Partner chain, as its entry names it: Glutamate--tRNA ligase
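Before any questions on how it binds or moves, here is one chain, the form solved without the partner chain, in structure tokens.
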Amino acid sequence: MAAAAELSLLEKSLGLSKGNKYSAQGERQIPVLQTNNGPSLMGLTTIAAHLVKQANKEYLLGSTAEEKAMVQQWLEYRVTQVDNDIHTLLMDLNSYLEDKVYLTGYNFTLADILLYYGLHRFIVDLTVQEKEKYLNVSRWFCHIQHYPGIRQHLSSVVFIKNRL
């Protein structure tokens, strides 16, 4: 039931008090939200973008047409690529992140939150040497894990920072 719990997490990180109920749909257990407006909404990234707008935090979806397309890109990556396989994923992500603090390039967006929640599973299990192998992933993940209100109940992963 992981996706419903993850959308519950995001509700809390977005500072939304009214916890929604989610069902599942299909052999792949895709999340479903009935809304009060009220069209019914299905899929992690579709619901998450809905939740952002009602938290009055639409900047998390990006601020220019280019940043929006980048947020869209990284949302699609979460549901298609994240959701031994992971070591190949992590290496490519490590290279991508070498020159960036945030996933979409410049600013903190929903794409960082959802990728952080999606990888958390795998990052908790990396050895010390593996965290040192993927330095850029570790650096980004540590920054999001400390970012105000995001981690909530997730375990902190231990990252030791040089000369600190």
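Positions refer to the first chain, counted from 1.
Here the subject shifts to the form solved in complex with the partner chain, a form of this protein not shown in this document.
Is every one of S13, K57 and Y116 within 4.5 Å of the partner chain in the entry with it bound, counting heavy atoms? No, because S13, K57 and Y116 lack any heavy atom that approaches the partner chain to within 4.5 Å in the entry with it bound.
In the entry with it bound, does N136 come within 4.5 Å of the partner chain, counting heavy atoms only? It does: once the partner chain is placed as it appears in the entry with it bound, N136 has a heavy atom within 4.5 Å of it.
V124: touches the partner chain in the entry with it bound, heavy atom cutoff 4.5 angstroms: No, no contact at 4.5 Å.
Can you tell me whether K18 touches the partner chain? I mean in the entry with it bound, with a 4.5 angstroms heavy atom cut-off. No.
Does at least one non-hydrogen atom of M1 fall within 4.5 angstroms of the partner chain in the entry with it bound? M1: no contact with the partner chain in the entry with it bound.
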